Structures are given as C-alpha cells and as structure tokens.
Amino acid sequence: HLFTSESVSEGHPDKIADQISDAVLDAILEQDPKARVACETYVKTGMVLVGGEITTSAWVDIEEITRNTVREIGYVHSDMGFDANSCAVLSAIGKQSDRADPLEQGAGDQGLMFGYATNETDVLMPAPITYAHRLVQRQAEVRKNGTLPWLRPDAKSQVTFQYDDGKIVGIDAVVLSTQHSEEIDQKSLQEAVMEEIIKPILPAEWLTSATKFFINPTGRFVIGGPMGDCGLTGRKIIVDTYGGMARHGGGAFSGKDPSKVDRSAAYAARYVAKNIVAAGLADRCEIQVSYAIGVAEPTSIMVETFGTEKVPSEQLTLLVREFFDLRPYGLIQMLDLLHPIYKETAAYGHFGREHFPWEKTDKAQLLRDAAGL
Amino acid sequence: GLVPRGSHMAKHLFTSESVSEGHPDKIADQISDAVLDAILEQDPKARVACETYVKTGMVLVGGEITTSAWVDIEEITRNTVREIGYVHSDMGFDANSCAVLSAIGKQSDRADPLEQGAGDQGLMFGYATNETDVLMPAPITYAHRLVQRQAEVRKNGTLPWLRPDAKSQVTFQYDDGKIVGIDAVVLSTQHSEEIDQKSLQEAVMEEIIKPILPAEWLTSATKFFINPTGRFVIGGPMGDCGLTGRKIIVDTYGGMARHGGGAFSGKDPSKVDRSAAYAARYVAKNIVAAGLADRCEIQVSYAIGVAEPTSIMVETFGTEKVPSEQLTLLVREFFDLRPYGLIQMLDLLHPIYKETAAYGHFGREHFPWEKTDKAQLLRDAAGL
Amino acid sequence: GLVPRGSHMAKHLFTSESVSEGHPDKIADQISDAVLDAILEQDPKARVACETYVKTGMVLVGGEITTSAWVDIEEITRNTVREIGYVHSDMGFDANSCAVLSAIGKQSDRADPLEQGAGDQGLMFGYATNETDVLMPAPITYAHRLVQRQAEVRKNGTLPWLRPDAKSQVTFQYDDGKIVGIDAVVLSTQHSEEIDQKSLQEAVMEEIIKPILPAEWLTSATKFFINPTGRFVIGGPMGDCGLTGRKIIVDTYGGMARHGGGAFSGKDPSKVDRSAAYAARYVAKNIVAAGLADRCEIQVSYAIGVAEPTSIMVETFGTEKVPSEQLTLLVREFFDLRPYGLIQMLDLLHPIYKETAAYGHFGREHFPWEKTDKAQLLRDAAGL
Amino acid sequence: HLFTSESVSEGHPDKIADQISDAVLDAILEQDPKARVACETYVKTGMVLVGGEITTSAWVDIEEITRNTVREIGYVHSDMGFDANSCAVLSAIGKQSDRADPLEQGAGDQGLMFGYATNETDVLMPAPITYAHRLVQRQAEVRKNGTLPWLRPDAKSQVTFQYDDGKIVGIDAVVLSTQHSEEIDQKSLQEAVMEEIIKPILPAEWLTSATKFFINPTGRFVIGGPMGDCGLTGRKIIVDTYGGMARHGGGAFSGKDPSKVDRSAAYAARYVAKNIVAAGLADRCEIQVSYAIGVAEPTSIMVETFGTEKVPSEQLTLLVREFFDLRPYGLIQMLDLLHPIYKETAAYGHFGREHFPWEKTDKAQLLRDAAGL
Ligand SMILES: [Mg+2]
Ligand SMILES: [Mg+2]
Ligand SMILES: [Mg+2]
Ligand SMILES: [Mg+2]
Ligand SMILES: [Mg+2]
Ligand SMILES: [Mg+2]
Ligand SMILES: [Mg+2]
Ligand SMILES: [Mg+2]
C-alpha cells in the first residue's frame, strides 16, 4: 500500500502562530516556571493578535516577543508580504477564571492522547513525517545560510511512501512548494530545489525513476506567509505529531504550559511508546491515555502493538504501569517539563529530535531486563 | 463504580469525547459555517476560507472570500450566537451586545471542469464500522449523543438552569472487536446559580445520561463523573478562547480513526480538506454497508494542481470479505475522488454546512456523504 | 416658552453643551486617564500617550508608553466602566463581560532640566471671566452642572431608572457682557423601559433642571427640550463610537474661548497639549482674580525642541484695568511657561487626571491650575 | 501682538484617519447620496481599524478603499514604516440604532458650530492657517512630482504672524518638520526645504532677518506616520477649520454625511461669514449657530463683527436670516452637499479652497444691494 504525510516550514502562517504562542510561553517560564499559560495566536496580513488566559508572576513584553519571533522566521520586509518590524501586535490576554502532594492533583481537563513509535527510522518515527519534516527544515537551512538567498520563509512538503508487508520499499511521490522572490524563474528554482533540498535529504535507495517530483507545481510562489492565508495556533496538530500514521486525541500543543494534559500527556505517550520500541519489545507501538477532569489517575490506558509485540500484550501493559508515571503532574516530574524549551518544538515536529526530554530512551534497558532479556 | 487498582488490567479500553454547541471552539466553527451557508445561498461557486476567533466580548471573523454574494457578517454572527443560547451577560456572553469585527480579504484551466487540479496538498481519512446502526464508532457516537441531549433538554425547558457550554467523554471496553460495555462516563455542563451540585448530578443522570446510554452497557463498575470539579457557572467565550478548527477529532471519529489535520468549518466544498474527508467517509461507509468489511479506513492525499489523488489506501483491519487489493481498485473506479468530481458526486454546492459544525460531521443519515446508495453496486461488483 | 419668529431678533445669544460620564467619547477619555493615573502612581516620570476606542462590546486601548510601571490594562478598564455604571447587558454595555484589547507600543539633554525643549509643536488657549464665582463662562459651567446633576441623582437612587449616557445644552442671553437670562435648555438622558416620557420630563425638571439653574434666569420665554425625540433606551457604546479626544470643547470652555486642537486625556504632563493649556488657564484665572481684567484669553505656542514659547498673547476684550502690554510682560515673568517649568509650577507629576476626564477640566477649585495664589502678587506688581 | 496656527500633511496619522473616513463616505455617496454615514478610523503601526455606524443601500469594499487612500498618500513600503499593500484593515462598522417637507426635519443632534471670515487674505481666511496649510501642501507637491524624492509623507508646519492694529506686519516664526529617507543629511535637507518649500510659499514682504526658521528642529525624522503615533478621526478639528483664530463647537468633520450638523452647519457658517466679508459688510465676521435635537430652526444665531461692521449689527443679523437657510436639511439644499466631494477636504483645510460649495461668494452682491450699496 501507499501512505502519505506532510509538513510545513517555520514561515507557514499556522506555524508562525504556533511559534509565537510558545515564544510567549518560553519567556514566561523563564521567570515563572509554575505559570499557567493558554496563549492563542491569530496572524493575518499586517497584524498579530495574541490572546488567551495567563496566570503568572512573570512580566513579559508581548510585542517584543512577537517581533523577535517573526524576525527569526525571516519576514522582515514588505516585499515578502509581512514585516516583523512594522506589523501590528494586539493583545487580548486575560486571566484563568488542592492536594498535600502535588503529584496527586487531578487533571485540569478531560481528554484523550496518543503516542507512537516504529522501527522504520533511527529516531523511531514513521518515515513519511520524518522526511517531510526534513525537507522543509532543509529549505529553511539553505535559505538562512545564504546558499539559496532567493528563497522566502513559507514552504510546504509532502512525501508518499510505499510499504509492502510492513517494510519500506521506496518513495512514490514528493511535493515541495516554496516561496521565493521575483528574481528567479521556475526552471532554475526546480533545479536548485532538487539539488540543494531534495537530493541531500531523501535517501537514494528510495528514489527510483518512477518517483514523482512536484516542485512548485502551480508555478510562481511570491505571495506567502500571513499575506495570503490566516494562521492560527493549533491548526497543524497532525504535522506536529506523526503525520497521520498514528491517531490523535484532538488537543493542540503550542501556547500551553505543561499542566495541560493535551500537551504533556502526549509527550509522555511518545516517551512510553519510544522506550518500548527502543527496548526491542515491539516493532510498532501506539499508546492511548485518557483523563477525567479532577482525577489524577488516567481513566484508560491502551497499548496496541499491531501484532509486532515480542512479549505478551498483558506484560506490555504491566510494564507501562510499572515504569511510567502518567498522572498529570507526575508527567511533569518524570520528563522535567518546567523549562523554556517549547519554542523549538513549534516547528518541524514535536517528535523525532533526540534532545527533547520525551525523546530519551533512558528506560529501554530497564524494560528489557524487566521482561525476557 | 469503585474499581481498585490492578483488578482488571487486561481489558481493552478506548475513549472518545465531544462538546456542545456552546463550547467556544464550536461557537467559532458554527459562525464560520453560518457565514459559508449565507454565501452559498447566493453564490454556489464562491471560494470561502472563513476563520473565526471568539473571546470574552468579541467575535473576530477573518479569512479570504471570493464571491458575488452580499452578506451581513454582523447579523449572521449575532443570529448564530442567539440560537446557541448566549443572550445575556449573566451567562458571560450576549449575542446582542458583543463586538463583531471583520478581517476578510480577497483570496490571493481545463476543457473538462472535473479534471481541475486540487487547490492545496494534504491528506484526509474516512472511517466506518458496523458497531452502530449508523456505521460509526460507538464512543464518539454516544459522546455526541450526550452533549446533544444536554442541549435538547436545555432548550425545551426540561432543565432550564442549564447553560450552553458542556463536554462529555465515554470510555468503552472492547473484547476482540465487539462492544462489551461502558467503563467510564464524564459529563461536565455549565449551569446557573439556582442549582446545587447534588441536585445537578441527579438531574444529569436522569435527564441526560440514562435516556442515552443503553442499560445493558452500564454495570456496577461504570464510573460516572458528573461535574467532577463542582461549580460550572462561568463558561463559553467568557472562560476560554474559541477558534475555528480546534475540534477536528470531535468533528470526525473521536480518535478511533486517524486524521489528516485539516479543519472543516469555514471552507467551501472546493477545499479538499473538507470535501475529500466527506468523500472518504462516503466510500468507507458504502464499503462496510455493502458487507465487504466490518471496519474500513480510507486515506487519500492530494498535490496542489493535480486532479488525481497522490495516494489511496484502504485499511480493513483483517475484517475484509474480499482481498484488500480488489477493494482498492473498486474505490478508484466506483468513486470520483478528483476535487471537482467529489463536488458533483456528493452534490455539495448547497448551504448545508452550519448544521455540520456541531455534534459531528458524520453519523447523521441526511447528509449527502452519509447516503449508502452504492453499497448494492459495490457488493455486485465484488461478487457477493 | 413659545417665542414666535422675529420677535426678539436683537438679543445676543451664546450656547454651550456638555456630556455625562456615560457618553461613549467621555468613556474613552476616562479610560485613557485611568491608565495614566495607574502609571503615575508607580512612575511619576513616565511618558504616556494612551488612545482609547470604545464600541459595542469592546474597548481598544492603544498608544505609546515608556515607563517602569507595571499595570493591568484590563482591570483598569473594567473598573472605570464599572464606576461609570455600565454593568449589565440591558444597558447595552457591561464592564464585566466586554472585550479589552491592547495595542500599546514603546514610544519611538540640558544641564538645567527646566530648559528642556518641547516634545511637539502646537498652540493652546486659556480663559477666565468673572461671570461666575469660579471665573468660568456661564454656559459651559451650568451645562456641566446639569449632566453632573444627572449622574448624581442616578447614582444615589433618587431616579434609579436613569442610565449613564446623557447630554445637555444651555443658551444664555447677554446684554453688553452681563448675563440677563437663559433662553433655551436641552437635556437628553438615557433611561430604562420602566418610565414613560411624560413622567420622565417632570422628573428631569424637578430633580435636575430646577436644582441647578437659578430661578432668576428662567422666565416664560425659556425653551425646555427634555428628551426632545422621545425614547432614549439604547445608549453609550452600544449606540455610538467613543474616541479619546473628541470632546475637547466640552473639556475646556464650551466654545466661549478658542482652542488649539490638542486633546487632554491619556497624555502625561510632559505633553504641552495638556500642561500648557492647564497653565494657560492658570494665568488667565489669576489675571482675572487679581482684578486686572474682567475676561482674559491667553494663547501660547511651542516648537519641538524649543523651551521658550514661540508666542504669548493676552486678550482682555477691552476689560483690562492696566495696559495690555504690561499684562503680557507680567505673564512672561511671573509664570514659567517652559514645558518642564509648567510641571514644577503646577505640581503635575501626580495621579490626579482621571477626575478631569468628565465634567470639565476647568472650574473645580481643587485642581492645581485652578489655584489663585498669584493674584495678590500680580495685583501688587501691576500697581493697584 | 502675535498669533500662531499649525497644519499637518496628508501623511500625518490623524489626517490619514480623516482621509480614510471620508474616502469611505465618498464611495458610499457615489452609489447612495442619501446614505447615513458615521465612520471612525483608528490607525496604528501595521493596521487600520474602520468603525462606526452606516445605513445605506450602497455596496463598498472597505479594504480596497483604505488601501487606495494610503497608496495615494504615499505609504507603500516598509522602509517608510507603513505599507498600504500589506497593512491590516479591520472593520467594526454597524448600523444606526418624519416630515411632509424634508426641509423641516429636526436636527439629528444638538450642538454649536462657528464660521469665520476675514480680509487678511484673498481667500477670506486668516493668514496663519492659510500659509501653514500651504507649507504642508507644498511639501506633498514637491514630494510627489519628484523634485525632492527623499521626502516622506508625514510633515507638520506652524506659522507665527505679527499683528499691529489688526493688520499683518510680517511673519515672526516658521516651523517645518518633514519625514525623510536615510539618504540625506540634515544640512542638505534644511537648505532644500528653505529653497523648494518655504521661499516659494511665504511672501517675501513678511520675511525679515528677524524671522525665525525652525526646520526639522530636533534632527532626523525617518520614523513617521502610523509607525510612531496613533491616528484617529477628528483629532485635527482646529487644523481643519481656522487654526485657532475663530472658535469651534467641538464636532469633527470627516466620516460624517451632510445630515450631521457638526459638519454641514459649520460649512454653512463659513458660507455665511465669507459672503458677509466678501460683500464689504465687515472686515472680520464670526457666526455661531446652535441646534436642539429634533428641532429644525437653530436655537441661536450670533453675528460678531469685532467692531469692523460697515452696517449696523441688527441689520447684519437680519441679512443672515433673509438670505440663508440654516435648517439642517436646508443647509444640504442650499450648498448641494449630496455628492462625493469630501475626501478632498480631509487634508489641507476644509476652508480656503474656492472650488468647494461653501466657498462660493454667490450671495455677496445680493447682500450689498439689500444694504446700503
Ligand atoms: Mg491552515
Ligand atoms: Mg482540549
Ligand atoms: Mg480549546
Ligand atoms: Mg490544510
Ligand atoms: Mg462623538
Ligand atoms: Mg497635538
Ligand atoms: Mg495626534
Ligand atoms: Mg457632536
């Protein structure tokens, strides 16, 4: 069969909103690690609206955080359709409306979350989303270091993999759309994108002559970013996670502090699934957890291994309960989440980069020993 | 239900949630599709991409729209919030006195129109399973029913102290694919000051939970969390932000099926984020209704400027009655999955979408993508 | 009063108007100065330029601010609208549920600080006349008194059906500079549904108009227009837009004196638009109180980066008791009209300005620029 | 004595708001001449908010009217701090909540208005405001025709005249501040401003060696327009009228249709005062009119001639009532105001330009004949 996943660059207006929300969160967590943050961003031609509910002792400058975030993305001129130095920044932030052991606090909301891991790649992530991520990240890298200076921030990527008996056979189709300045024709752009973006990223074994390459398929891409389309926080939740390979509970990540289970329980679910796969206990593993508001223990825990489990399924569920703390604040302690580390997650994927806390496999050897070594 | 730790550790549990029409995110979805419906009523070929932001006191309606239609954004917004039920400042939001701002822009060829290419790239999923009579997953179906039942009894005066904002969550137990029962039910509903929590929980169990959840699925072990944190007076936009497209798992299958990431509301039928998901449900439902599988998941993907899908996958989870390769070929030939082919196949150029913006886009039999008029054809074509 | 056409065509008439604290423009002025006061309470040297936009459902607070202070714009705004009286959706606006947005930016040397140059150019006027005990023009004074009396009787429950939005207008007749009587009175006040117009007009005349306007100035000829168009239920921001700086003639002398065009509210004392107007009133009042003229008008102008005024003019309308050239020299030496000299002369670095944002910046004796502590000095210096 | 008045260019953020409000009014009056318009504009870095109440059968595009207005002003690049092509335009426009002869309609609001005229100049306007207006208009003219291309839209002017026995003796001080690009030093700017802006405008008879000239007095003026300061409709009402020489009732002009007496009764008051002065009946003349809401006849009419009347004062008041219709809708008929003619008034003065309806002196000869010819 075939499977397809997509990603977007840091200049995509939805991702601009996600990065602004988490930039505000990082600046608040730098001063107040226990802060409650629920920050929603709306970006359109000329303006950024930053809203939500915030409870903190921190003192931050929303305008300067927003402008710096958009400067780093690359929109610094009206020719690009958006300028961090001259756009409007509006604020509509308000306020948010008991246990002896803080680890026993009930969940601040109901909801369901999923985590996933698979053998297909080295980072234990599905191949389609990983290489879709690496294509848009390579586009930004080659734009910022001056290799292809005519590139502009907004870009999208899509990769279609072919699977046979659960194994990767190759790449069926590639889509790469990138914004650019007026000073380059489409033919030169397609050659440069193939040479400096696609070929360095996609492994040659998976690229045959039957592979379809769609580079700027409709032609010129000069108007981009917030100029063309609205951007809102939390409208890229499948890009942020597994590119559709695994399920999703619906909650967005960016702009939320670690006490929101929509974010931290999904981080912990990846942490569990990755360590299970890293331990050689399964080839593929999906975890579902759910919470009731005001209840500390998860209302449900599902472990699905798609027939690839190397130990019995009842054992795997036992291992998860034995080695992981899935209570809302227990996640925070287990993963050490009260740190300004979240703007870096707001683009190119929350899962797959080994330096995040939920990407450490520091429990894999323990899980091996606890089962048949 | 008080089940201690580690007593039934082997049960397979799955959980889904839903929200009422008063949830701020759903208010944004309803406003976006109400704007869409008003435009399609005058201009069925309009391009609409309407994003709504709702907060305490204000509604921001933005996006890009290309149409000959002439609509009143303020009037459409106030009427939608009126019907939802926010008409007084005691509820935290009033449709008659709130602010309505607009930031709508103006959106920056084939011999056969059905061969037009897609307007964007993307992936979309559809799903069906014979667990319910409407071929939907059980948890999301009964999660939808609970919050719609809450709206129903609030509006007809049965429980007049209810307020629009509400959420529900149901945890089902499965044993080898068949429903065995309900393990946990969550029901949080906004209310007025004229009711205590003990009288509220009794009224919720008698007027909402019991008329909806089958008695055969409720035992001594079922946990019931009705307003688990107590008082719920401040709600709606007063409490939280609402954004179009932030309830996309509520809108589809409640987590049982995967998702491509695209929102539905505010988008005209030429956006494959919405129309191809509707088509994906249409083929998944007709495959299951034809008796060719017990549960079926479909993924389609597109490339901008390309008419044919870049990929089509059918997943049957071992429940197929014919080889899965034959199902893939049947889907490609019996359904037009081209962007403008969907529109003609599902008859989508009509103002029908505001109704979809709350309580689920799938499961209600009067929607075009819920018709099962190809099941006997698919069954004939596959042999059986 | 029914005076037919062309009966008393020779009378000299002058008209002024005022508005209550519930008028949407005045709501914007009060919010701007409430933000200013909260900042000066923590940082007296702050630069503030706060502009407010009020509409149905929302308050937009914008401008440029350079300060070490830390203030809550939302809390300051809600409290100001609370005290004005808009606390329910039946009034068209509620302080507890409206939207508050912020768009505040960050504002793009002398051995003697008093020699610092002005921050902008501009012209400003001050005025005084011995027609009233507070040395203010009669029409604007009693126009202010009428709408403040309306707020007074609304807040203490005397007439509880009143609502905050109200306007007044008084036409005086003059004969060679002395008041002869009142020719027309207009009083429009917002109200609730629980009162008819006939009972409203009687209550307005008994509880507002009669306790304020001296009986000697009311004859058979006086026209009284109380709610002349009838019902006045929708009001405040619900009906109209409100903007900082759109009541600058209400804020000063009601048209009797000229104006430079600069608004007062939202501006810290380093803005000569406000401080030099306050100083211009200070010299005009002390000249009249010293007995050196019966009415006095002062104009000062500035150039950006220049400390001394670019021009100083004293106008006495033939009522001077000493040559007008001597008055100009007295003003230049007895008053420090340099931008930061004003501040020290009037002791302006204090949170006193929210009180000025409704019912007039001039006429209330407890304001610094209303003190008359140089009158005996000016009278000594001029001879008399 | 001395007297001073100021003006601002079309690029001043308050005037940008005034021009946008009346551009919206003009586009509506083009389709619906009887429309009710109360349009308020708020401009800040990156965004335009257009609000108010409108009752019309017209169909207009607020965004395109706004962008075209700012394009004509000259803000078309982020280097200038504002760009008509990429700024945000938000709309918050709503709705507005009987006579046999429409001329007998009551006034839609109470209020007081003033008109003024004087011999000092040819256009029967006070000298300070007229030459302040002509300095900023000359700045825009020389900027747009390419004479001084380094000029930018935002500018302010101020002129201080000296009077002796009611007659002009000369100009005491001049202030001219103009925005500009980075590519010119302050010395070259001051020489070019003196040669191409000040000297062509201010008459040489009034310029002595004692005249003070303040050109960009604090130095560089690169940041300007909405980038530095907020702009709001109706915050330049003294610039719009007589520069402080005459009184003002308080009402703003721009964004209001002719049925608002704040605007049309002030236009008619200038029309009366100008024809009186044009008729040689007085050297200076100020008119005050007032209205009660729902009442058609003005509540008061004052004629002040400052001792310069050539005929008795009681006669002048009679002439005003005899030759002018000051009822709210009667103003509209007398001056033919139901036409899209108002964007041109939103900068450089509503009074002084002879092609406006209220600037015609077509009743002057009649007023002469009705009195002692
Ligand atoms: Mg999007
Ligand atoms: Mg959630
Ligand atoms: Mg939400
Ligand atoms: Mg999409
Ligand atoms: Mg007003
Ligand atoms: Mg000023
Ligand atoms: Mg200003
Ligand atoms: Mg007015």
# chains A, B, ... in the order shown; residues from 1 in each chain; ligands from 1
$ interface_residues --of "chain A" --to "chain C" --cutoff "7 Å" --atoms "only C-alpha atoms" --output "ChimeraX atom specification"
/A:89-92
$ write_last_selection --atoms "N, CA, C and O atoms" --output "short mmCIF file (atom, residue, chain, number, x, y, z; two decimals), in the first residue's frame"
data_model
loop_
_atom_site.label_atom_id
_atom_site.label_comp_id
_atom_site.auth_asym_id
_atom_site.auth_seq_id
_atom_site.Cartn_x
_atom_site.Cartn_y
_atom_site.Cartn_z
N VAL A 89 0.76 44.35 16.52
CA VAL A 89 0.65 43.31 17.54
C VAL A 89 -0.42 43.76 18.53
O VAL A 89 -0.24 44.76 19.23
N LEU A 90 -1.54 43.04 18.57
CA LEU A 90 -2.59 43.31 19.54
C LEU A 90 -2.60 42.22 20.60
O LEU A 90 -2.28 41.06 20.32
N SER A 91 -2.98 42.60 21.81
CA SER A 91 -3.06 41.67 22.92
C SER A 91 -4.49 41.62 23.45
O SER A 91 -5.10 42.67 23.69
N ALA A 92 -5.01 40.41 23.61
CA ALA A 92 -6.30 40.15 24.24
C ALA A 92 -6.16 39.06 25.30
O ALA A 92 -6.99 38.15 25.40
#
$ residues_near_ligand --ligand "ligand 6" --cutoff "9 Å" --atoms "only C-alpha atoms and all ligand atoms" --output "PyMOL selection string"
(chain C and resi 120-123+260-263+271-273) or (chain D and resi 235-236)
$ atom_distance --atom1 "atom CA of residue 238 of chain A" --atom2 "atom CA of residue 6 of chain A"
8.7 Å
$ interface_residues --of "chain C" --to "chain B" --cutoff "9 Å" --atoms "only C-alpha atoms" --output "PyMOL selection string"
chain C and resi 55-58+87-90+92-94+96-100+238
$ atom_distance --atom1 "atom CA of residue 37 of chain D" --atom2 "atom CA of residue 53 of chain D"
6.4 Å
$ atom_distance --atom1 "atom CA of residue 310 of chain A" --atom2 "atom CA of residue 272 of chain A"
16.0 Å
$ closest_residue --among "A:124, A:135, A:24, A:210" --to "residue 254 of chain A" --atoms "only C-alpha atoms"
A:24
$ residues_near_ligand --ligand "ligand 2" --cutoff "7 Å" --atoms "only C-alpha atoms and all ligand atoms" --output "list in words"
residues 111, 250, 251 and 262 of chain A
$ closest_atom_pairs --of "chain A" --to "chain D" --cutoff "9 Å" --atoms "only C-alpha atoms" --output "tab-separated table"
residue	atom	partner	partner_atom	distance
A:44	CA	D:88	CA	7.4
A:45	CA	D:88	CA	5.5
A:46	CA	D:87	CA	4.2
A:47	CA	D:88	CA	5.8
A:76	CA	D:78	CA	8.8
A:77	CA	D:78	CA	6.2
A:78	CA	D:78	CA	5.2
A:79	CA	D:77	CA	8.1
A:81	CA	D:86	CA	6.0
A:82	CA	D:86	CA	6.7
A:83	CA	D:78	CA	7.2
A:85	CA	D:81	CA	8.3
A:86	CA	D:46	CA	5.7
A:87	CA	D:46	CA	4.2
A:88	CA	D:46	CA	4.3
A:89	CA	D:46	CA	8.1
A:227	CA	D:86	CA	7.0
$ write_last_selection --atoms "C-alpha atoms" --output "mmCIF file, in the first residue's frame"
data_model
loop_
_atom_site.group_PDB
_atom_site.id
_atom_site.type_symbol
_atom_site.label_atom_id
_atom_site.label_comp_id
_atom_site.auth_asym_id
_atom_site.auth_seq_id
_atom_site.Cartn_x
_atom_site.Cartn_y
_atom_site.Cartn_z
ATOM 1 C CA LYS A 44 -3.244 37.739 9.109
ATOM 2 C CA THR A 45 -1.907 40.305 6.647
ATOM 3 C CA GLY A 46 -0.388 43.110 8.717
ATOM 4 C CA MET A 47 -1.276 42.037 12.235
ATOM 5 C CA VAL A 76 11.489 41.480 7.708
ATOM 6 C CA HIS A 77 10.388 43.303 4.553
ATOM 7 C CA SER A 78 7.130 44.347 2.882
ATOM 8 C CA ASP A 79 8.314 42.725 -0.368
ATOM 9 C CA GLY A 81 4.302 40.363 2.338
ATOM 10 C CA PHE A 82 4.957 40.651 6.095
ATOM 11 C CA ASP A 83 7.370 42.640 8.282
ATOM 12 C CA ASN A 85 9.333 45.500 12.414
ATOM 13 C CA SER A 86 6.134 47.210 11.234
ATOM 14 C CA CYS A 87 3.241 44.765 11.682
ATOM 15 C CA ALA A 88 0.556 45.313 14.308
ATOM 16 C CA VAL A 89 0.649 43.310 17.543
ATOM 17 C CA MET A 227 -0.227 37.867 3.429
#
$ closest_residue --among "A:56, A:305, A:118, A:97" --to "residue 242 of chain A" --atoms "only C-alpha atoms"
A:118
$ residues_around --residues "segment 295-302 of chain B" --least-positions-apart "3" --cutoff "8 Å" --atoms "only C-alpha atoms" --output "PyMOL selection string"
(chain A and resi 3-4) or (chain B and resi 118+120-130+257+276+280-281+283-285+287-288+306-317+319)
$ residues_near_ligand --ligand "ligand 1" --cutoff "7 Å" --atoms "only C-alpha atoms and all ligand atoms" --output "JSON, numbers by chain"
{"A": [14, 230, 231, 235]}
$ residues_near_ligand --ligand "ligand 3" --cutoff "7 Å" --atoms "only C-alpha atoms and all ligand atoms" --output "VMD selection string"
chain B and resid 25 241 to 242 246
